[PDB]
Amino acid sequence: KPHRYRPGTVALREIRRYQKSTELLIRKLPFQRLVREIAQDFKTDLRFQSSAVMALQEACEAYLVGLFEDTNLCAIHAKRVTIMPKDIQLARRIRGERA
Amino acid sequence: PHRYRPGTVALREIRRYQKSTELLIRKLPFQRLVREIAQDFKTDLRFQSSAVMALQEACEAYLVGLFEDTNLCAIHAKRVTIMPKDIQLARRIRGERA
Amino acid sequence: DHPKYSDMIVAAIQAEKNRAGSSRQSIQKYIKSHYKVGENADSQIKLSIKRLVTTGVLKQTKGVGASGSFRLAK
Amino acid sequence: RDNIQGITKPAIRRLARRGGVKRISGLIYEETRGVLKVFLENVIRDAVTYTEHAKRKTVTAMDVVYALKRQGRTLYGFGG
Amino acid sequence: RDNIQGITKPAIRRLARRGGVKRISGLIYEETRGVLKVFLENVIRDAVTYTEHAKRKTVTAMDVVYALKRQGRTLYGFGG
DNA sequence: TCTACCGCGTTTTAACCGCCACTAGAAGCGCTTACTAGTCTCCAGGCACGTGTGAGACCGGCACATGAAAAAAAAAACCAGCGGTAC
DNA sequence: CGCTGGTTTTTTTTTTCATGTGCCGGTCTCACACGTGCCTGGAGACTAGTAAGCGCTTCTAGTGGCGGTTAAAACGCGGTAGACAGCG
Ligand SMILES: [Ca+2]
Ligand SMILES: [Ca+2]
Ligand SMILES: [Ca+2]
Ligand SMILES: [Ca+2]
Ligand SMILES: [Ca+2]
Ligand SMILES: [Ca+2]
Ligand SMILES: [Ca+2]
Ligand SMILES: [Ca+2]
Ligand SMILES: [Ca+2]
Ligand SMILES: [Ca+2]
Ligand SMILES: [Ca+2]
Ligand SMILES: [Ca+2]
Ligand SMILES: [Ca+2]
Ligand SMILES: [Ca+2]
């Protein structure tokens, strides 16, 4: 006899937890690598204020969290509980982010 | 007793009105609606005829666009029929509402 | 009040017209209207249909499981 | 009967058809009117505000154009 | 190169949780990475462009802030 | 399965139109003059640089929310056994 | 036989278990807060130059209203295709 939570019960717990908090949810280094990597394509031997990288992260996480809200609604609107790529795509299409 | 299957004319209408560009609301009833709404902000206001036309162009444009987005929300729910909840979603996601 | 959800189904399908089959929701509606019935009747008719499908006595003509149309001994 | 009723079912149907809608619930026609009214309220409010600031009693095309730009619904072909 | 994978499944899961998402398709993690990349490309491109115009080799917070404002994603608290 | 949407045909509605006449009011000219800029001075209020103190951030622990699985009670779906009936 | 009574099964409930989250009292650290002295930017007062407000004119447009057409709306009819709800 072991203990198990039903699929979804922890999901809910996680939601409550992360809504409650404000801390950045992507690991700071892997992000910073991704930034520099993308920046290379525009100009090589570029330096970044640490604050500039943090600004980018805040903006990115914010953006995605928001996109997920909208995506979630698109899922539910299709009588689903599970978000899928077509949920995101709809959200971005309606937002005028993509054709 | 010729009869077209439900939807066949709908399609015909779509093709027709997409093809064209003419304003699809009757000019006078709109113009009355404009002046009426304007009254609430300031009384005994005059309008250039061009200003009223601008408003109509912008309105029809806006709605046509909203319907496109609504249509997608309907289909996304495996429906063919747009419903208020389709519009509401579209306006919510657009950041028009809440 | 009324017993043999088996006898209940048979009496509702008897009354139901000669068809390719007879679909649950059309029998569920008949049994609830014609006899002193409960709520869990909808969920007991669902168990009643599956035991009659099981015994070869009733057989389903279209569909699968307990959403579809069912026929009797021929 | 408010002039809002002047926005006839068939007119809305037409707009939806240009939007590539095939089938339309009955409830939509009133819902649409509601939306259309909010749109105009917001645009005209701003337009009139420009008019008042210009100490005019006549709303100009430009008054609307400026209003629509503010609302992020830039309109070409009426000046500005 | 390909640090995009550094945006781990569990990290995406976390972001979605803050977005009030309960269940998440497997396909979403790659889809999200794609979106996140487009976002950063667009923002950074503009940021760097500000940097180049200031004849600098160091991207400042302000460079990003200005970029985000341009993109209509105004950011408070980095010198807005 | 059920109906509410479309596509059809008759009865009612009203918008459109091509025109005119009359005006409010938009727009543009000349005056005045009241306001704002742009100079030289003086000055303090707000900036950086640098101090130390309290708040909040952390810890553990125990008390409270919760969800999950398990024991107990209720509600309702049925076998017999029976009395009662005509054999 | 039809009954009917009690009991077998399906529901709901209570429960128990367990677990995790929230809270207090005691603790450390650092960012808040403030305080200094110095600098710059503000305010100041003066002068002149200008922009705009105000009244006058013009002229335009926009409004209101004319006949009546003919198109469009609008109504109700009747019949499918799709909404939708359940199942597996
Ligand atoms: Ca009012
Ligand atoms: Ca009014
Ligand atoms: Ca007047
Ligand atoms: Ca008037
Ligand atoms: Ca230099
Ligand atoms: Ca009907
Ligand atoms: Ca002093
Ligand atoms: Ca001081
Ligand atoms: Ca300070
Ligand atoms: Ca302090
Ligand atoms: Ca018996
Ligand atoms: Ca405490
Ligand atoms: Ca601390
Ligand atoms: Ca229905």
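Thresholds applied
Residues numbered from 1 in each chain as written, not as in the entry; some residues may be left out. Chains lettered and ligands numbered in written order. Part of a larger assembly, values for the part shown. Heavy atoms only, no water. Helix = DSSP H or I, 4+ residues; strand = E, 2+ residues; numbered from the N terminus. Buried < 20%, exposed > 50% of the residue type's maximum accessible area, 1.4 Å probe, protein only. Polar contact = N/O pair within 3.5 Å; in protein donor to acceptor, adjacent residues only side chain to side chain. Contact = heavy atoms within 4.5 Å. Near = heavy atom within 4 Å. Nonpolar A, V, L, I, M, F, W, Y, C, P; charged D, E, K, R; others polar.

Regarding how it was determined, this PDB entry cites X-ray crystallography in its header, along with a resolution of 3.7000 Å.

Caption draft 1: Inspection of the side chain of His77 of chain A at higher detail. Looking at where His77 of chain A falls in the secondary structure, it is placed in helix α3 (residues 50-77). Its relative accessible area of 11% is what places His77 of chain A among the buried residues. Engagement of the side chain of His77 of chain A in a polar contact is seen with the backbone oxygen of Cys73 of chain B, the distance being 3.2 Å. For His77 of chain A, the contacting residues outside a window of four places in its chain are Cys73, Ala74, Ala77, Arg79, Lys85, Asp86 and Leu89 of chain B.

Caption draft 2: Spotlight on the protein's contact with DNA strand G. Near DNA strand G, the surroundings consist of 29 residues, among which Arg35, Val80 and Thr81 of chain B together with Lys46 and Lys50 of chain C are the closest. A breakdown of the atoms of DNA strand G within 4 Å of the protein gives sugar and phosphate a share of 96%. Here a phosphate oxygen of DNA strand G sits 3.4 Å away from a polar atom, N or O, in the side chain of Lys20 of chain A. In the environment of DNA strand G, a base nitrogen lies 2.8 Å from a nitrogen or oxygen atom belonging to the side chain of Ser67 of chain C. Looking at which element gives the most residues to the surface near DNA strand G, the answer is helix α3 (residues 41-54) of chain C, with four residues. Class assignment of the residues belonging to the surface near DNA strand G gives a composition of seven nonpolar, eight polar and 14 charged.

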